[PDB]
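Read the structure below first, then the notes.
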Amino acid sequence: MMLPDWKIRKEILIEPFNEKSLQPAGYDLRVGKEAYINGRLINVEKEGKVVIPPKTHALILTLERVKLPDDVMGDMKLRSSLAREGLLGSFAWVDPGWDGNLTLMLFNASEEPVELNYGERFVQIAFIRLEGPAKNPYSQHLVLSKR
Ligand SMILES: O=c1ccn([C@H]2C[C@H](O)[C@@H](COP(=O)(O)O)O2)c(=O)[nH]1
């Protein structure tokens with residue numbers, strides 16, 4: 001089952017916690033301090049925004065650290081207005097036991113740049129309870145490694 005807002009507030013460490021981000025069954029993660037586009041690190045905190053060029057992907061760090069219990073899985077989707085403007089998120093599962101800020105990939109499929117402001121709500125994470133705790137459950141900066 002999915003956790004409602006009042007259980008998210010109790011069980012998931014989400015810091016810094018933004019009241020306006022809590023949704024009926026999820027939390028709107030915000031654009032954080034760092035992004036990475038076309039080989040270049042962007043200080044989003046300093047610049048106040050990140051601009052995703054047309055037909056280009058970007059890595060964006062969430063403002064929030066999220067810590068999941070060993071019996072909850074995190075499930076992210078882009079916010080609806082950003083999808084309408086041509087963004088697609090490429091998201092992995094957030095494993096039970098995860099603790100950290102998330103590095104999120106967004107692709108701008110449109111022919112026009114798309115801007116996101118520092119601190120803007122951009123991805124809603126929902127939380128799904130596991131039937132029992134994982135036998136083997138699973139961080140403040142962008143992850144920039146590749147295989
Ligand atoms: O889009 C996503 C999805 C997940 N994670 C975090 C939480 C996951 O548990 C973890 C998986 O990392 P690996 O164990 O695959 O390297 O990464 C991200 O940073 N971005």
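In the structure tokens, chains take letters A, B, ... by order of appearance, with residues numbered from 1 within each chain and ligands from 1 in the order shown.
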Taking 6 positions as the minimum chain separation for residues in the same chain, which residues sit within 7 Å of range 127-142 of chain A when counting only C-alpha atoms? Answer as a PyMOL selection string.
chain A and resi 1-3+26+34+61+70-75+95-98+100-101+103
I'd like to know which residues of chain A are strand (DSSP E) (by DSSP, run on the backbone); could you write them as an NGL selection string?
:A and (13-15 or 22-23 or 26-37 or 40-43 or 49-52 or 56-67 or 72-78 or 87-90 or 99-108 or 114-117 or 121-129)
If DSSP is run on the backbone, what residues of chain A are alpha helix (DSSP H)? A reply as a ChimeraX atom specification would be ideal.
/A:5-11,44-47,80-84
Put those residues in a file: N, CA and C atoms, as a PDB file, in the first residue's frame.
```pdb
ATOM      1  N   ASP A   5      -0.055  11.216   3.019  1.00  0.00           N
ATOM      2  CA  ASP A   5       0.679  12.397   3.534  1.00  0.00           C
ATOM      3  C   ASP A   5       1.019  12.296   5.020  1.00  0.00           C
ATOM      4  N   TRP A   6       0.030  11.967   5.862  1.00  0.00           N
ATOM      5  CA  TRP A   6       0.320  12.004   7.286  1.00  0.00           C
ATOM      6  C   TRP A   6       1.285  10.900   7.712  1.00  0.00           C
ATOM      7  N   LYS A   7       1.343   9.789   6.995  1.00  0.00           N
ATOM      8  CA  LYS A   7       2.365   8.788   7.300  1.00  0.00           C
ATOM      9  C   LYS A   7       3.720   9.168   6.727  1.00  0.00           C
ATOM     10  N   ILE A   8       3.746   9.790   5.542  1.00  0.00           N
ATOM     11  CA  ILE A   8       5.011  10.313   5.040  1.00  0.00           C
ATOM     12  C   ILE A   8       5.634  11.257   6.056  1.00  0.00           C
ATOM     13  N   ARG A   9       4.844  12.195   6.560  1.00  0.00           N
ATOM     14  CA  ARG A   9       5.346  13.153   7.531  1.00  0.00           C
ATOM     15  C   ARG A   9       5.983  12.453   8.728  1.00  0.00           C
ATOM     16  N   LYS A  10       5.390  11.345   9.182  1.00  0.00           N
ATOM     17  CA  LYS A  10       5.882  10.632  10.362  1.00  0.00           C
ATOM     18  C   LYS A  10       7.107   9.767  10.067  1.00  0.00           C
ATOM     19  N   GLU A  11       7.099   9.013   8.964  1.00  0.00           N
ATOM     20  CA  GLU A  11       8.022   7.901   8.747  1.00  0.00           C
ATOM     21  C   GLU A  11       9.211   8.202   7.848  1.00  0.00           C
ATOM     22  N   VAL A  44      23.351  25.794  -9.099  1.00  0.00           N
ATOM     23  CA  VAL A  44      21.965  26.236  -9.215  1.00  0.00           C
ATOM     24  C   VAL A  44      21.616  27.141  -8.045  1.00  0.00           C
ATOM     25  N   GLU A  45      22.160  26.859  -6.844  1.00  0.00           N
ATOM     26  CA  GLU A  45      21.923  27.733  -5.695  1.00  0.00           C
ATOM     27  C   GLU A  45      22.377  29.159  -6.005  1.00  0.00           C
ATOM     28  N   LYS A  46      23.565  29.297  -6.595  1.00  0.00           N
ATOM     29  CA  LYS A  46      24.117  30.608  -6.857  1.00  0.00           C
ATOM     30  C   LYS A  46      23.398  31.278  -8.017  1.00  0.00           C
ATOM     31  N   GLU A  47      23.179  30.548  -9.114  1.00  0.00           N
ATOM     32  CA  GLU A  47      22.567  31.132 -10.309  1.00  0.00           C
ATOM     33  C   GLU A  47      21.067  31.324 -10.167  1.00  0.00           C
ATOM     34  N   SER A  80       3.202  17.468 -13.245  1.00  0.00           N
ATOM     35  CA  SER A  80       2.461  17.506 -14.504  1.00  0.00           C
ATOM     36  C   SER A  80       2.816  18.711 -15.373  1.00  0.00           C
ATOM     37  N   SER A  81       3.006  19.910 -14.778  1.00  0.00           N
ATOM     38  CA  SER A  81       3.276  21.070 -15.637  1.00  0.00           C
ATOM     39  C   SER A  81       4.609  20.922 -16.387  1.00  0.00           C
ATOM     40  N   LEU A  82       5.605  20.280 -15.764  1.00  0.00           N
ATOM     41  CA  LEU A  82       6.904  20.116 -16.412  1.00  0.00           C
ATOM     42  C   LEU A  82       6.836  19.090 -17.533  1.00  0.00           C
ATOM     43  N   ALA A  83       5.988  18.070 -17.370  1.00  0.00           N
ATOM     44  CA  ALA A  83       5.781  17.133 -18.469  1.00  0.00           C
ATOM     45  C   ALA A  83       5.138  17.841 -19.642  1.00  0.00           C
ATOM     46  N   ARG A  84       4.135  18.717 -19.376  1.00  0.00           N
ATOM     47  CA  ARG A  84       3.462  19.405 -20.468  1.00  0.00           C
ATOM     48  C   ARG A  84       4.411  20.289 -21.253  1.00  0.00           C
TER      49      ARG A  84
END
```
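With distances restricted to only C-alpha atoms, A:125 is the closest residue to residue 93 in chain A from A:125, A:78, A:106, A:51.
The space between CA of residue 54 in chain A and CA of residue 41 in chain A spans 17.8 Å.
Remark: for residue 42 in chain A, the closest of the candidate residues A:126, A:60, A:102, A:29 is A:60 (distances computed over only C-alpha atoms).
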Select, from A:38, A:124, A:90, A:117, the residue with the minimum atom-to-atom distance to ligand 1, counting only C-alpha atoms and all ligand atoms.
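For ligand 1, the nearest of the given residues is A:90.
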Could you check the closest approach to ligand 1 for each of A:36, A:91, A:17, A:27 and tell me which residue wins, using only C-alpha atoms and all ligand atoms?
A:91
d(CA of residue 79 in chain A, CA of residue 37 in chain A) in Å:
20.6 Å
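Of note, CA of residue 55 in chain A and CA of residue 112 in chain A are spaced 8.2 Å apart.
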Please list as a PyMOL selection string every residue within 12 Å of residue 18 in chain A, counting only C-alpha atoms and excluding residues in the same chain fewer than 4 positions away.
chain A and resi 9+13-14+22-23+27-30+63-65+119-121
Take the residues from that selection and put them in a file with C-alpha atoms, as a PDB file, in the first residue's frame.
```
ATOM      1  CA  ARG A   9       5.346  13.153   7.531  1.00  0.00           C
ATOM      2  CA  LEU A  13      13.028  11.762   6.866  1.00  0.00           C
ATOM      3  CA  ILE A  14      12.769  14.556   4.256  1.00  0.00           C
ATOM      4  CA  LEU A  22       3.415  17.469   0.871  1.00  0.00           C
ATOM      5  CA  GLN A  23       0.796  15.977  -1.442  1.00  0.00           C
ATOM      6  CA  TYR A  27       6.178  14.706  -1.583  1.00  0.00           C
ATOM      7  CA  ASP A  28       7.286  17.273  -4.212  1.00  0.00           C
ATOM      8  CA  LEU A  29      11.091  17.156  -4.238  1.00  0.00           C
ATOM      9  CA  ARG A  30      12.616  20.516  -5.121  1.00  0.00           C
ATOM     10  CA  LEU A  63      17.277  19.983  -2.426  1.00  0.00           C
ATOM     11  CA  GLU A  64      15.994  17.379   0.046  1.00  0.00           C
ATOM     12  CA  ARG A  65      17.757  14.467   1.612  1.00  0.00           C
ATOM     13  CA  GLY A 119      13.900  25.423  -4.833  1.00  0.00           C
ATOM     14  CA  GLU A 120      11.120  24.762  -7.397  1.00  0.00           C
ATOM     15  CA  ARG A 121       8.932  21.716  -6.813  1.00  0.00           C
TER      16      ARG A 121
END
```
Which residue out of A:94, A:109, A:116, A:76 has the minimum interatomic distance to ligand 1 when only C-alpha atoms and all ligand atoms are used?
A:94
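For the choices A:16, A:24, A:4, A:113, the atom-to-atom distance to residue 85 in chain A is smallest for A:113 when using only C-alpha atoms.
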